[PDB]
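Residues: numbered from 1 along the sequence shown. All values below come from the heavy atoms of this structure, side chains included, with hydrogens, waters and symmetry mates left out. Every number for a ligand or one of its atoms is a count from 1 in the order of the listing.
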Amino acid sequence: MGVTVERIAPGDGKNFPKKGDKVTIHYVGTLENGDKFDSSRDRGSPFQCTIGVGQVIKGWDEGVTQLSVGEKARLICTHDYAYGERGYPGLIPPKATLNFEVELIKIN
Ligand SMILES: C=CC[C@@H]1/C=C(\C)C[C@H](C)C[C@H](OC)[C@H]2O[C@@](O)(C(=O)C(=O)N3CCCC[C@H]3C(=O)O[C@H](/C(C)=C/[C@@H]3CC[C@@H](O)[C@H](OC)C3)[C@H](C)[C@@H](O)CC1=O)[C@H](C)C[C@@H]2OC
């Protein structure tokens, strides 16, 4: 049903990213078969972006807002909350479900 949050280790229960917030977030991205396509942890570098304003995939906009600082989780994004029917040429096959193991490090 779109984006689903599989909770692994809990956040602080208080600080949740809101629309327009900057988040600092480690992620490991895998395709529906288990193969990694991207990883901020292999670059030793958490990613930073603005949540809820249309700049990341829908699964992150509707999914990262459900986490609190410190939390580990998996966002399971079906293709309509990711790269859709065409996919991402070279990287993401069409209609793919994507699986992001994420850790929310900080909100601003
Ligand atoms: C000049 C632009 C390059 C610029 C690249 C960076 C800043 C480096 C940054 C680590 C991205 C990665 O570079 C290693 C690499 O990350 C992926 O592997 C990936 O894990 C992914 O899915 N992520 C990254 C983590 C957040 C969720 C999602 C994303 O939303 O990413 C965003 C994304 C592509 C959203 C599109 C935007 C267009 C909409 O139409 C579409 O809507 C469906 C969704 C990224 C951050 C963009 O906002 C900014 C950029 O693209 C992509 C598979 C391909 C992407 O490289 C291109």
Side-chain angles (χ1 to χ4, degrees), residues 1-18 20-57 59-85 87-94 96-108:
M1 192 58 169
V3 56
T4 280
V5 188
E6 234 77 18
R7 317 248 167 202
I8 296 163
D12 70 13
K14 309 167 199 314
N15 304 286
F16 292 87
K18 310 299 180 186
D21 286 336
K22 200 191 208 48
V23 302
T24 302
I25 190 158
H26 254 326
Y27 71 92
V28 180
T30 50
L31 299 173
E32 14 170 291
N33 52 4
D35 277 352
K36 183 201 288 184
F37 61 94
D38 200 6
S39 183
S40 66
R41 297 186 180 276
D42 290 339
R43 312 189 279 266
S45 304
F47 175 65
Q48 285 184 333
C49 60
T50 303
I51 278 307
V53 305
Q55 299 170 9
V56 289
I57 57 175
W60 275 50
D61 269 4
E62 291 313 298
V64 177
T65 50
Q66 319 296 296
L67 311 170
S68 51
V69 173
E71 190 165 3
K72 298 179 229 157
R74 294 178 175 277
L75 307 177
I76 315 292
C77 308
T78 69
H79 73 84
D80 43 303
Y81 282 69
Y83 302 99
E85 263 147 21
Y88 196 122
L91 264 163
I92 311 291
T97 294
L98 309 181
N99 166 359
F100 293 93
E101 171 173 301
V102 307
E103 179 183 25
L104 179 57
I105 288 158
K106 183 191 202 313
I107 299 174
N108 281 70

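When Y83, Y88, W60, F100 are checked for heavy-atom proximity to atom 29 (C) of ligand 1, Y83 turns out nearest.
With ligand atoms numbered from 1 in the order given, ligand 1 contributes 30 (O) to contacts under 4.0 Å with heavy atoms of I57. With ligand atoms numbered from 1 in the order given, ligand 1 contributes 12 (C), 14 (C), 15 (C), 16 (O), 17 (C), 18 (O), 19 (C), 20 (O) to contacts under 4.0 Å with heavy atoms of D38. The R43 neighbourhood of ligand 1 comprises atoms 10 (C), 14 (C), with distances under 4.0 Å to a heavy atom of that residue.
Heavy atoms of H79 stay at 4.0 angstrom or farther from ligand 1. Distances from ligand 1 to the non-hydrogen atoms of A82 include at least one value under 4.0 Å.
Partner of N15 under the side-chain contact (heavy atoms from CB on, under 4.5 Å) criterion, chosen from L104, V69, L67: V69. Between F100 and the options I57, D38, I76, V64, a side-chain contact (heavy atoms from CB on, under 4.5 Å) holds for only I57.
At a heavy-atom distance under 4.0 Å, atoms from both the backbone and the side chain of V56 approach ligand 1.
In terms of the side-chain contact (heavy atoms from CB on, under 4.5 Å) criterion, residue partners of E103 (sequence neighbours excluded) are, by chain and number, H26, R41, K72, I105.
Of the possible polar contacts, one joining the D61 side chain to the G54 backbone as a donor-acceptor pair under 3.5 Å is found. When atom types are taken as modelled, the side chain of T30 and the backbone of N99 share a donor-acceptor pair closer than 3.5 angstrom.
The side-chain heavy atoms of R7 and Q66, taken from C-beta on, include a pair separated by under 4.5 Å.
No N or O atom of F47 sits closer than 3.5 Å to an N or O atom of ligand 1.
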